[PDB]
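Peer 1: This one is an experimental structure. Sequence first:
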Amino acid sequence: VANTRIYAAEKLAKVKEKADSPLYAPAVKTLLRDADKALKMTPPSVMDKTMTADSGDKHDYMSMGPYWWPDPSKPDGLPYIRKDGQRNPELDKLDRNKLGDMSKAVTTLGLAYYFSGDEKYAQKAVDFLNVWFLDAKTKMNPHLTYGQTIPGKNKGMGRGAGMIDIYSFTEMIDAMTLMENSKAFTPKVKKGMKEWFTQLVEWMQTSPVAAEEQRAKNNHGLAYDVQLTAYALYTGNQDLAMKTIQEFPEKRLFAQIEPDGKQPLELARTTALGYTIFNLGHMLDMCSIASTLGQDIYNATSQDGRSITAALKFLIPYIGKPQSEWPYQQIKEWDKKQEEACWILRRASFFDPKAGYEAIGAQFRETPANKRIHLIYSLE
Ligand code: NA
């Protein structure tokens, strides 16, 4: 059983034993196909962008606030203006999509190595990690001072919101763990990766840009805690992880969930169903991490009934009901988010099996048998 924090380690180990069973074989085959596609990809880096942040160092990560667009009423489009839920394709010019491609590839490859034992996949993953994190010529500095810059705003600086850009590192770390016994993922590679994340954690605890994210009242602030906890554990700082976990119900859950389960700061968005689910999934990621340390975040309940269960119970009636009945905005991705909701229910069922959540999810889910999520959130 591997030391995973986001992924349920014992379940995953059983799915691996049963990789060739009829239940898992289609998904394993698709996973190895995805890994074969990743073998073809040239590892990107923060050096690929044409622009450089206002530090003048190309090795600094730079991205753009995704919902910020040129203002047609202004001569040069500046300053940009916000269109909540509408992603400006200009963001592709900077580092965000390269980081995404890298993180997804390493995750795919590490999972492929875990399930198959084929060393080629771990060797490619280590190539991505060298290029992105460790090689002097191409590496990303371990900070997000210039995360989610916005043209014409914030005096060229990034902002706390940029922290969300790296949220997938929570999962990537589990994929690295899963590859540690590969030949390619050496003690030197491991040390380099732990040193990078140690520096990132130092920056997260000191920087004023990171502090902006820590103070955030919505999904950003909840996600900050999850990332801090996961990176603390990866770097051996169990005490910081424990502290962040113990403070999480009062700081995040009871602040952001109303007694009827509503998450008002998410429901006010143009993608209110999407953000309700985004935050619930991050809550469940914290529950998963916390469970590995014997901390029961899932059942944490305030005196007035705020809890993850309340938040789930708000959502459930809308699953399988048409958009007409959802009294908030959801400007895109309705069917996609309905499907995601069904997998929220699978994940919740791990913590509260008697609630009948999987039966509800199974009633409305149309997820093909070969999708990776069947492997990661199995019923083992
Ligand atoms: Na190794």
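Peer 2: Noted; the coordinates are in hand. Residues are numbered from 1 along each chain as shown.

Peer 1: drop to CA atoms for contacts and neighbour counts, all remaining ones
Peer 2: Noted.

Peer 1: if you go through the chain in chain order, where are the strands?
Peer 2: With DSSP state E, the ranges of strands along the chain come out as 62-64, 68-69, 81-82, 146-149.

Peer 1: what pairs with the last one, and is each one parallel or antiparallel?
Peer 2: To tie it back to what came earlier, the one meant is strand 146-149. Sheet pairing of strand 146-149 (DSSP bridges) gives strand 62-64 (parallel).

Peer 1: just how off-centre is the partner strand within its chain?
Peer 2: Between the centre of strand 62-64 and the centre of its host chain there is 17 Å, according to CA atoms, centre = their mean, to the nearest Å.

Peer 1: now stretch 360-375
Peer 2: Using CA atoms, centre = their mean, the offset of stretch 360-375 from its chain centre is 20 Å.

Peer 1: Show me which residues of the stretch 151-300 of the chain are close to the ion?
Peer 2: Within the stretch 151-300 of the chain, the positions near the ion by CA under 5 Å from the ion are 180-183, 185-186.

Peer 1: Next, format those as TSV and append neighbour count and distance to residue 131.
Peer 2: Below are these laid out as TSV (neighbours: other CA atoms under 10 Å; distance: CA to CA, whole Å):
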residue	neighbour count	distance to residue 131
180	18	18
181	16	21
182	19	18
183	12	18
185	20	14
186	14	15
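
Peer 1: Tell me how many other residues crowd the nearest residue to residue 337 once chain neighbours are set aside.
Peer 2: In space, and not counting its chain neighbours, residue 337 is closest to residue 274: 6.0 Å by CA to CA, 6 or more residues apart in numbering. By other CA atoms under 10 Å, 25 other residues sit near residue 274.

Peer 1: For residue 26, give me its contacts.
Peer 2: By CA atoms under 8 Å, 6 or more residues apart in numbering, the contact set of residue 26 is 369-370.

Peer 1: residues of stretch 134-141 that come out buried?
Peer 2: Neighbour counts over stretch 134-141 (16 or more other CA atoms under 10 Å) mark 134, 138-141 as buried.

Peer 1: Over to stretch 351-365?
Peer 2: For stretch 351-365, a neighbour-count test (16+ other CA under 10 Å) marks 351, 357-358, 360-361, 365 as buried.

Peer 1: Distance from the chain centre to it, please.
Peer 2: 23 Å.

Peer 1: which other residues reach it?
Peer 2: Contacts with stretch 351-365, where a contact means CA under 8 Å, 6+ apart, come from 298, 319-320, 339, 341-343, 345-346, 348-349.
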